[PDB]
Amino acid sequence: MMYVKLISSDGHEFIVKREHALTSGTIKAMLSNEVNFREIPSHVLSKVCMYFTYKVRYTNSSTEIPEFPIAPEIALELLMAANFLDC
């Protein structure tokens, strides 16, 4: 099982499965093991990693697909991170 490290603007290190991080087109273009994000803070980058797990678990799935929840307080920053990351 290969893993990659995604580092936020505030220095938090997120270790995620390589296959899950490739959900992002920007990360896919960069990888083709470590990635630093000088503009994405940890509360946003942790939420992005939860989306990667959600995407891999539920795409082409037969179990009920739950809603991906987004709190109103993080919505604007997460939108910009998703826009930048292409996911």
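Residue indices: 1-based, along the sequence shown. So that the term is clear: the rigid core is the largest set of C-alpha atoms that superpose within 1.5 Å between two forms.
Participant: After a rigid core fit, does 63 to 71 or 8 to 16 show more C-alpha displacement in 7 other deposited structures of this protein?
Facilitator: Of the two stretches, the larger average C-alpha offset in 7 other deposited structures of this protein falls on 63 to 71.
Participant: Rigid core superposition, C-alpha RMS per stretch in 7 other deposited structures of this protein: which comes out larger, 73 to 81 or 21 to 29?
Facilitator: Stretch with the larger root mean square C-alpha distance in 7 other deposited structures of this protein: 21 to 29.
Participant: Could you bin the unmodelled part of the deposited chain lying between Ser32 and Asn33 as none, 1 to 3, 4 to 9, or 10 or more?
Facilitator: Gap between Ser32 and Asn33: 10 or more unmodelled residues.
Participant: Which is higher on mean Cα B factor in this entry, 48 to 56 or 34 to 42?
Facilitator: Higher mean C-alpha B-factor: 34 to 42.
Participant: Would 63 to 71 or 21 to 29 have the larger average of its C-alpha temperature factors, as given in the entry?
Facilitator: For C-alpha atoms only, the mean B-factor is higher in 21 to 29.
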